[PDB]
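> When you get a sec, could you give me coordinates for this:
(3 chains, ligands or ions: 5)
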Amino acid sequence: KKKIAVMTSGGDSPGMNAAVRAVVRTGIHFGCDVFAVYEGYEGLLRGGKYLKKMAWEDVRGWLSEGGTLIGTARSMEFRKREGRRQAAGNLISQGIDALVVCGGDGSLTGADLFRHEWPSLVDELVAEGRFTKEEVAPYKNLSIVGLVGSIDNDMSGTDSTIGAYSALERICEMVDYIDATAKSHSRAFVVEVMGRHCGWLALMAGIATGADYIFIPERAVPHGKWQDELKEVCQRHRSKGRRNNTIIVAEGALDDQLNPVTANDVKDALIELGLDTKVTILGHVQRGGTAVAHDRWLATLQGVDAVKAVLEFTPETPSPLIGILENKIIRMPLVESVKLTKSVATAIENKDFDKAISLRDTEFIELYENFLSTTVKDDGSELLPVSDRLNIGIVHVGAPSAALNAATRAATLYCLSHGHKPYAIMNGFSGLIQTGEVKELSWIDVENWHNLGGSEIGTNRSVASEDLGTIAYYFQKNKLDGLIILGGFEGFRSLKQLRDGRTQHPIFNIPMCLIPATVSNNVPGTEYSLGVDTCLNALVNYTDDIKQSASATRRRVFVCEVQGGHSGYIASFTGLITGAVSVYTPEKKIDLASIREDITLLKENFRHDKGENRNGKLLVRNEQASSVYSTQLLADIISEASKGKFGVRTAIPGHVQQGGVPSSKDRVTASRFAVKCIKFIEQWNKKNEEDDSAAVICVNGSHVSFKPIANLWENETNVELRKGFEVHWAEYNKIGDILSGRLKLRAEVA
Amino acid sequence: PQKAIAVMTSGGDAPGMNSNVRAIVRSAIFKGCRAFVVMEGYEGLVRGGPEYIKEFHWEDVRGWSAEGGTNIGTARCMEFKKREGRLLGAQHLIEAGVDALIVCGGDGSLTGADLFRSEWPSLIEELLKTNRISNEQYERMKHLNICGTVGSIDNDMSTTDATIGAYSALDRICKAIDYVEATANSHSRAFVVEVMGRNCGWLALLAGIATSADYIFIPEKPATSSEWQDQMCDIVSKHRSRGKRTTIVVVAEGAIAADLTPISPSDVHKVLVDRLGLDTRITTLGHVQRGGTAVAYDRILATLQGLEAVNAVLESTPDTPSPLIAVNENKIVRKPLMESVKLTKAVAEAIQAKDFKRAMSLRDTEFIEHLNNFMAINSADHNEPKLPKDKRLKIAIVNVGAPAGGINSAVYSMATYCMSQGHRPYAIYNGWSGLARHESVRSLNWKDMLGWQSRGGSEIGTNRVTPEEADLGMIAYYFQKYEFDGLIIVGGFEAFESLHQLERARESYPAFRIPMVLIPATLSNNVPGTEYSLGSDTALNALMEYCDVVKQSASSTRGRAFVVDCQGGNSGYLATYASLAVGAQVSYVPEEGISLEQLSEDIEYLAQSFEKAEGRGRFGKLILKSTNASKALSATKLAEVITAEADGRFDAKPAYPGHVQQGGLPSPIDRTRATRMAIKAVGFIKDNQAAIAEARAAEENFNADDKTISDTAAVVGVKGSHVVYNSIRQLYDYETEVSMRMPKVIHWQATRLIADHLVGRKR
Amino acid sequence: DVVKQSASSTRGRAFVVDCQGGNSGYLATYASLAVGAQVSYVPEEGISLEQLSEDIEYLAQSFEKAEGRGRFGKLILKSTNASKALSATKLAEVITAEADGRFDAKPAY
Ligand SMILES: O=P(O)(O)OC[C@H]1O[C@@](CO)(OP(=O)(O)O)[C@@H](O)[C@@H]1O
Ligand SMILES: O=P(O)(O)OC[C@H]1O[C@@](CO)(OP(=O)(O)O)[C@@H](O)[C@@H]1O
Ligand SMILES: O=P(O)(O)OC[C@H]1O[C@@](CO)(OP(=O)(O)O)[C@@H](O)[C@@H]1O
Ligand SMILES: O=P(O)(O)OC[C@H]1O[C@](O)(CO)[C@@H](O)[C@@H]1O
Ligand SMILES: O=P(O)(O)OC[C@H]1O[C@](O)(CO)[C@@H](O)[C@@H]1O
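Numbering: from 1, shown residues only, chains lettered A, B, ... in the order given. Ligands and ions are numbered 1, 2, ... in the order given. Here you go, the structure:
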């Protein structure tokens, strides 16, 4: 009987639709009834009609829809208790006693004042005609769950707000365009980005676009001296060969004295230095567009937890706000987070920026530090180590990823910062062995690599064991003190190989670390290889288009084959943010039994359709899912069963999954990880005046660390399926199996 | 005694300059000249010797067709204004042995080139009378030959239909508005999008048409002062009150009122807020409009013009007026630099003298048509104005074949245009099978079609079932029942066949005794009667981008080629242009097949390429292969054979972009061109009521096979921005190879050659 | 006859024999009857995955009951048009997989 209402208030953000769609279906699945609330609070006020019972198919396709399909208006009337009581009547009228609000920090607050004031408003209705005490009985207490939908990611408490990464992506897209023209006229562009009073967006975009400088509130610039620091930086970079400058300025940018720092303030300064300067205010392009893989993922999961939290509500449980903390979804006291975020301003008013900055997301300070050491400290100033400076080699081992260059770049700049000499081992190991080609990288060489996909120095799957000796020969010839391996399983296999080779080759005792890089995310020990996000998005854009092609021709299924080798992670994640009715992974058995339950779900599902227009369905099958049942056999076996009721087609994105340009997430992670590795090399190099010096930089639920290659090469499926032993997505899957519509179709068939 | 040509980009950069530079460099080396690139525009000429006037080699422009801006740069010319600058310029050119100069840029930059040319004799004389240049040199090159290539996103150079970069800018614009639209729809807001274009309104107009803006403010139709506030407020109000949650007002950066005073975004913002009182925001796209990689059209356009630009300077003489390459009716042509710039200066004047119709005529071959079309579809049914007095018919529209970018635009445009005329538009959902099996006729309501102008897929649905397969009877029946005066079929070769069937079903079922017309649509461009089916440009871009990404991959591994399976059935159109746009090394088409001999040579040529390439960084190679280019060898098998034949020297992998080839959101070209074809189809319907009508009397022996009645069943085609009409009978019986679903004569075998030359491939 | 003798020699093996006849199951049918084919697929019937699964189980048990005995080879005659998706070759592969070590199948053309 439980009815639930979802509303989307405040500024819209990419992913809200994804969020709503989850709440609806997760609710319907658990027997509840879900109601949409149009135009936000306004519609809540207006009651009836502006409030609607949602069907399962009412949200089909919402995973790839911009803004919010149930709108978001501002309501004055709600500001008065009459309005609030008004609304409360509307909900009680429908038998609704649970409200799921998804939106800006504001809406989230007001949503609490409502729960804490409902019983009171309930009395009034019992009195002044409206409702009997009897009717208003079961609908006595309000259940309230908040979801933060915002591109500012300014909600202290949760690591990421729905839509923040999408907007980020949008910024990068626009800055990437600008780069072309800026480069031509050797100009400088001051780009202004949204963010309200939060510089997360600017800070990310800063790192992701190879910016010369950024401006964020959480770090008010030297009230009177910043224009020189800036000119200094730009000038220096330009002398090193940079043709254009790019400065990212946040909306909330300000200095020591809380005086706002303006795009034009910045522009003027640069004009003063004599540079052809322009200002661009991206504006709302940062709010449109569909949700990137991260937001679709984030919004779908958080939406599912909001329903579960609602069903778990109790009289005394306080208002929960669904968030994310160790890349796992968590619930937190809404009132707390609103205060902690409210307090951020407080510290800014009292020029206590340090206090402020610590209130931002888990990784904020780190990022900012990364940005400086990679862009401003190339002054010779900052850490230009005595003479325990090092020769660091860099190789790409594996199929191309999209973050190799960006990462190689971060590492090169950092190295140069400290006075280390970064070497590029051309064309992987096979290349070294065949040619001994090792070129020293210069500041200008690594220019614009931050958004260049592929591998500028060459990358291939050849492993170290192809001639471990000649390799060692050159590592020595080149006096290398450390080695960075950028790559996938072959890289991981190679690192192991080199660790072992230590006994027979003294030179391999230099520190050696692997930065996993592969679209597959099949490198043991870490939950995130570089280039993964880029892949997932390429697959989104890909499926979004063929999804639309199936919807056009009506009644049609696409069998889409995804990469990832013998690791269905990509397959699973894709299936979830795609609504795939069936996801065939190597982890999940593919026998005639399964295929049939699949044909079933399909046929059944198709008996309905009618709505057409946006009704195309798809299957996500992993590259190695089944040696016997190939993407084609699967597609044909399925057609033949359809018996003209519906059509089937195959989709094999293929190598585009490697991407063209790295996504903003990959561009930033590459910088983090690259530097963390140069550091790790430094540390070990000094710590030697024991295999722990040969590690893999890993991320496990948000925590990044180094893991000795040996202990790890027993979490592997080595000379077999080449993949990390475990699987951390089996949860995605079962959820996915509900929203997708699978089990629902399973039921009808019985 | 090898001569030399040199290129420089001057003025504002524009997407496609690199493609231009690349072709010029290659075409020159191909013809046997030495190629030279001038860095940083004219400044480059003042400064000199290598570094600024650097000799380029084949491999130097490798990959350029996929990069933004100008890799050879462009700077503001200071020194060149003075004579010592212009003198140094001549010296440096002469010192480099360059007496052939090609410049790509805006008209301002073009004229500067001409003047330099005329001033050349004068300069070399002074140069001689003071040394600087030997006597041997003086004689050797006493004349400067130049040619212009106009690159600009504004599309405001009068003698050419499209400036290099224009459509790329248009793409950037429509992409930003599509983003803005989604947040706008969330808050039912109103946005004033300030667009570039300097003094031209080409971008604002096309954008508005493409994005279905509620109102555009262009400088060629100032018509206002007090009019625009009412003009706009009225149609906006009608739109919003009737459903549309958003309000998008495109404002040319250089818009003005009839009194020549400027109209700013603010000006429009205020009115929207004050008068109509709605939440409004201003958006100024700025330079994103200048960035990005060149759109397929620009790459292909700049690539061809570049080639011709070399031909031009190579055949210019001291008496030939300075040339400039342009496009007229999708045809690459030469135009006199002076007349061209003179004709352009004209527009400014005409505008300065309130004669707006004159300025409007000086724009591109179809500027005015778009404006009228916008107006219609924009008003469409919101103003009873029903242009025609009850001469308004009930017309039906339907989709047949594969979906394709722009079909929804066609529908939307045809519907809303009907509404401005008074005609009642009816949509037949899911083609013939949807008609016969479910009487799927529906009335197209303006509100129900919000957004359709720019949606991919097919809102009304489409399949490949032909009329005969769905039972002609049931068809004719429902037809008669709803009383359709005319039919408008949008689709591919199945839609062709349909037309054909319905027409030769005329006598037998008098319900088909109406005018019909087909708007071709298929990314394959295999429908006879046209040079451009709808959906084509969208697919070409889809494929091009895919290829860019794939080649990047190949370049990463070094010594690797990709065989990309392409679409287009028996038509090599897609593979050809895609190939030209991404500089594919090899391309296999259905019309030619893949002879084992050719395959062998290509494999050797490829082989050497990689050897000569050594381990270098951007030498990946692509082989585009239309599937039908060989039933025996698939992209997969092809890769295997090449890899084996390669013999370790290099390898090859397959790539199946597959259905992404249909693209996602239709391209500005596909969108605007759809509404153009749609409107001229409605026009064909009305203009052909007469004939078959005064005969559509009793199904008596008054119905026959006379050109006059058959000729009401035609395909709206296009011959270079033209628009032709041809009886389905003419096409189907003499110009079709129906057995293979495509025209009997292929119209692009010539460019296949150009492509080979640009990349150095043989037979 | 010759192919089955082969299959009987290896023990625990079945052959999927591609048969002619276009859309007519005449040849596969009578051939099947004449050699005692265990299974036979024809154009007029097709090969539904369900039927395929049972045939594979039935076959499976056949060999189990047969133990290692000497003349238990099995034949599956399949008219080519019995399935455009599953060729004699792919069919053997699927059966062998579904068999799961219990017995295998090879194609015959
Ligand atoms: O280019 P090749 O070597 O064929 O690799 C194809 C794909 O296989 C994959 C797995 O799908 O390799 P890997 O497992 O090493 O990550 C992808 O990374 C790679 O794009
Ligand atoms: O999925 P189906 O409907 O078979 O069509 C696939 C492709 O075939 C094509 C040709 O590749 O059809 P068509 O020849 O009519 O142009 C494409 O338009 C379409 O994308
Ligand atoms: O050599 P082709 O022309 O492929 O014919 C092969 C077989 O085709 C068959 C069918 O198997 O033709 P048909 O269907 O007409 O009976 C046989 O008659 C013939 O042996
Ligand atoms: O669109 P509005 O109404 O101007 O609100 C804009 C503000 O909304 C936000 O997107 C936050 O929701 C900020 O980034 C921005 O400054
Ligand atoms: O980038 P600049 O130097 O400000 O010039 C901008 C002008 O250039 C143009 O792109 C024309 O070249 C116009 O669209 C725009 O108004």
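
> Show me the domain layout of chain B.
With domains defined by curated CATH domains, chain B comprises B:1-168+B:293-350, B:169-292+B:351-384, B:385-537+B:665-738, B:538-664+B:739-763.

> what's the closest of those to ligand 1?
Using CB to the nearest ligand atom as the criterion, the shortest distance between ligand 1 and the domains of chain B is 5.6 Å, found for domain B:538-664+B:739-763. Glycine gets a C-beta too; all of them are placed from N, C-alpha and C.

> burial of residue B:273, as a residue count?
Using other CB atoms under 10 Å in any protein chain shown, residue B:273 is surrounded by 13 other residues.

> likewise residue B:225?
Residues lying near residue B:225 (other CB under 10 Å) number 14.

> now swap in the one 5 residues further on and tell me
Close neighbours of residue B:230, defined as other CB under 10 Å, add up to 12.

> And the nearest residue to residue B:341 once chain neighbours are set aside, how far from ligand 5?
Nearest residue to residue B:341, sequence neighbours excluded (CB to CB, 6 or more residues apart in numbering or on different chains): residue B:107, at 4.8 Å. Distance of residue B:107 to ligand 5, computed by CB to the nearest ligand atom, to the nearest Å: 10 Å.

> how near is residue B:107 to residue B:114?
Per CB to CB, to the nearest Å, residue B:107 is found 10 Å from residue B:114.

> Could you do residue B:213 as well?
To residue B:114, residue B:213 is 39 Å away according to CB to CB.

> who's more crowded, these two?
Using other CB under 10 Å, the more surrounded residue of residue B:213 and residue B:114 is residue B:213, with 25 against 20.

> Correct me if wrong, but residue B:55 is in a helix.
No - Residue B:55 is assigned strand when assessed by DSSP: H, G, I helix; E, B strand; the rest coil, not a helix.

> for the residue nearest to residue A:188 when sequence neighbours are not counted, what are its contacts?
Nearest non-adjacent residue to residue A:188, counting by CB to CB, 6+ apart: residue A:245, 3.6 Å away. Residue A:245 is in contact with A:182, A:187, A:188, A:189, A:212, A:234, A:237, A:238, A:270, A:275, counting by CB atoms under 8 Å, 6 or more residues apart in numbering or on different chains.

> For the third one, grab the count of nearby residues.
Right, the one you point to is residue A:188. As a burial measure, residue A:188 scores 25 neighbours (other CB under 10 Å).

> go on, the fourth one?
Taking other CB under 10 Å as the neighbour definition, residue A:189 ends up with a count of 25.

> What helix or strand is it located in?
Taking DSSP states H and E as the criterion, the element that holds residue A:189 is strand A:188-193.

> so where do the helices sit in the stretch 401-550 of chain B?
B:407-421, B:431-438, B:472-482, B:493-503, B:536-557 (DSSP state H, counting those that start in this stretch).

> between those, which one is nearest to ligand 5?
Closest among the helices of the stretch 401-550 of chain B, using CB to the nearest ligand atom: helix B:536-557, at 21.9 Å.

> Who are the packing partners of that closest one?
helix B:296-314, strand B:560-566, helix B:573-582, strand B:621-626, helix B:668-687 (3 or more CB pairs under 8 Å, 6 or more residues apart in numbering or on different chains; DSSP states H and E).

> returning to that earlier point: please report which of the contacts of residue A:245 has the highest neighbour count.
residue A:182 (27 neighbours).

> For that one, give its distance to residue A:275.
To residue A:275, residue A:182 is 11 Å away according to CB to CB.

> Pull up the overlap in contacts between these two.
A:188, A:245.

> any idea where the helices of the stretch 51-200 of chain B begin and end?
Under DSSP H, counting those that start in this stretch, the stretch 51-200 of chain B gives helices at B:83-96, B:107-128, B:135-140, B:166-186.

> tell me the secondary structure for whichever residue of the stretch 201-350 of chain A sits closest to ligand 5?
Here the stretch 201-350 of chain A gets closest to ligand 5 at one residue, residue A:278, 6.3 Å apart by CB to the nearest ligand atom. When classified by three-state DSSP, residue A:278 comes out as strand.

> ok, it - contacts?
Here residue A:278 is in contact with A:182, A:187, A:188, A:189, A:190, A:267, B:286, B:287 (CB under 8 Å, 6+ apart).

> Same list (these) but as TSV, adding distance to residue B:746.
What follows is the contacts of residue A:278, written out as TSV (distance: CB to CB, whole Å):
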residue	distance to residue B:746
A:182	43
A:187	46
A:188	50
A:189	46
A:190	51
A:267	54
B:286	43
B:287	41
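
> Nearest to the spatial middle of chain A, which residue is it?
When chain A is reduced to its mean C-alpha position, the nearest residue by CA atoms, centre = their mean turns out to be residue A:294, at 3.7 Å.

> For that one, which non-adjacent residue is closest in space?
The shortest distance from residue A:294 to any non-neighbouring residue, by CB to CB, 6+ apart, is to residue A:165 (4.2 Å).

> quick one on the thing from earlier: if I look at the residue nearest to residue A:188, how far off is residue B:291?
To residue B:291, residue A:245 is 15 Å away according to CB to CB.

> For the residue of the stretch 201-350 of chain A closest to ligand 5, which residues count as its bridge partners?
Assessed by DSSP bridges, residue A:278 has beta-bridge partners residue A:189.

> tally of neighbours for the residue of the stretch 201-350 of chain B at minimum distance from ligand 3?
Closest residue of the stretch 201-350 of chain B to ligand 3, CB to the nearest ligand atom: residue B:296 (43.2 Å). The tally of other residues near residue B:296 (other CB under 10 Å) stands at 29.

> gap between it and residue B:578?
Residue B:296 is 8 Å from residue B:578, by CB to CB.

> Find residues that contact each of those two.
Between them, residue B:296 and residue B:578 share these contacting residues under CB under 8 Å, 6+ apart: B:540, B:544.

> The residue in the stretch 551-700 of chain A that ligand 2 sits nearest to: what's it in contact with?
Closest residue of the stretch 551-700 of chain A to ligand 2, CB to the nearest ligand atom: residue A:649 (5.4 Å). By CB under 8 Å, 6+ apart, residue A:649 lies in contact with A:546, A:550, A:556, A:557, A:558, A:559, A:635, B:659.

> in what helix or strand does residue A:696 lie?
Using DSSP H and E, residue A:696 falls in strand A:694-700.

> Next to ligand 1, which bits of chain B? Give me the list.
For chain B, the residues in contact with ligand 1 (CB under 6 Å from any ligand atom) are residue B:653.

> just to revisit the earlier point, measure the residue of the stretch 201-350 of chain A closest to ligand 5 to residue C:79 for me?
For residue A:278, the distance to residue C:79 - CB to CB - is 73 Å.

> Run the chain-centre distance for stretch A:509-527.
In terms of CA atoms, centre = their mean, to the nearest Å, the centre of stretch A:509-527 is found 19 Å from the chain centre.

> So what would you say the end-to-end distance of it is?
End-to-end distance for stretch A:509-527, by CA to CA, to the nearest Å: 27 Å.

> and it, does that touch ligand 1?
Yes - applying CB under 6 Å from any ligand atom, one finds stretch A:509-527 in contact with ligand 1 at A:518, A:519, A:520, A:522.

> between those residues, which is closest to chain B?
Distances from chain B to the residues of stretch A:509-527 next to ligand 1, taken as CB to the nearest CB, are shortest for residue A:519 (11.0 Å).

> domains for chain A, by residue range?
Taken from curated CATH domains, chain A resolves into A:1-166+A:290-347, A:167-289+A:348-381, A:382-533+A:661-719, A:534-660+A:720-750.

> gap between the two ends of the third one?
Spelled out, that is domain A:382-533+A:661-719. For domain A:382-533+A:661-719, the separation between the terminal residues is 45 Å (CA to CA).

> what's the answer for the second one, then?
Using CA to CA, the end-to-end distance of domain A:167-289+A:348-381 comes out at 35 Å.

> Any part of it near ligand 4?
Yes - judged by CB under 6 Å from any ligand atom, domain A:167-289+A:348-381 and ligand 4 are in contact via A:194, A:195, A:196, A:251, A:287.

> So which of these are in strands?
Of the positions in those, not one sits in strands, assigned by DSSP state E.
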